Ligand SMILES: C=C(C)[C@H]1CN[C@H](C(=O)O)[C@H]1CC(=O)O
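First, one chain by itself in structure tokens, the form solved without the named molecule.
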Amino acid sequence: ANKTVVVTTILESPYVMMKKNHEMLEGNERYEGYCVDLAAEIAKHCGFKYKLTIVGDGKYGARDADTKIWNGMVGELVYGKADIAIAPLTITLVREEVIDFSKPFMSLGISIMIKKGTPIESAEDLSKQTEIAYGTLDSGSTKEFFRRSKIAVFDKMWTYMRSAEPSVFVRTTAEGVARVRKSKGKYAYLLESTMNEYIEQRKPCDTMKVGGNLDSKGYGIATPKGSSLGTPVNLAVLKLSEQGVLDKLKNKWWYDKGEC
């Protein structure tokens, strides 16, 4: 009886981070963050023991069109290397077809990041001008959102981005944030609201989130089909929501530990 549950997750701030003294600590105590606290709450309400592991390839979960192989945390579940994933993993159609998702534990959507002082207050403001350049990650869901949109404001933004020279796209999130900070008020970046809000509270306190969200998505906990963990985990997420614990954890890691 009593087999230790294998949890897979990903090193991304403020969800999972290495503690300052981590090389002198062992096991689960090496790590801290929003998803570390969430994992402890889920285990307490479901009555299991667990070991935290970091996903081997550093990826979330996508299926290669040519080989048909799943990478990332999703791959670790379908091929039997982990029992549960507790991470900022977005609930999507292709993922839901091969694993089970809990109801969402956190909400998010596409949003605008500016350097403080830039005269932009909304997506409509960006669309009507070209002096302040703007763009997205060079691959992924945000770029595809703009490519396929039939909303007037968003399609105008896409045709601008597609035709702009030099390229307004970036290879990583970190590259996008750095481009805003170094471009002297002349670049704005489109990214998820959760990351935008987090960076706003970190030194040197030179960025701001503006406007409402452009779409709606959620993060969920993932388990393999037929797992004895699926139902208990889903009920625990709903209990934590109604008790106010999820809101308490978001405030802790974004604002109580903020620097601005």
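If you superpose the two forms and keep the largest set of C-alpha atoms that fall within 1.5 Å, you have the rigid core. When you see a residue number, it is the position in the sequence shown, counting from 1.
Just so it is clear, the following notes concern the form solved in complex with the named molecule, a form of the same protein that is not shown.
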Where, among 41-49, 24-32, 222-230, 191-199, do residues come within 4.5 Å of the named molecule in the entry with it bound by heavy atom distance?
-> 191-199
So which of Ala123, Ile99, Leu89, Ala82 reaches within 4.5 angstroms of the named molecule in the entry with it bound, heavy atom to heavy atom?
-> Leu89
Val78: touches the named molecule in the entry with it bound, heavy atom cutoff 4.5 angstroms = no
Find out whether any non-hydrogen atom of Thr142 is located within 4.5 angstroms of the named molecule in the entry with it bound, and reply yes or no.
-> yes
Could you list the residues in 230-258 that come within 4.5 Å of the named molecule in the entry with it bound, counting only heavy atoms and keeping sequence order?
-> none
Answer yes if the CA of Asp100 moves 2 Å or more between this form and the one not shown after aligning the rigid core, and no otherwise.
-> no
With both forms fit on the core, is the shift of the CA atom of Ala87 between this form and the one not shown 2 Å or larger?
-> no
Once you line up the core, how about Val74: does its CA shift reach 2 Å between this form and the one not shown?
-> no
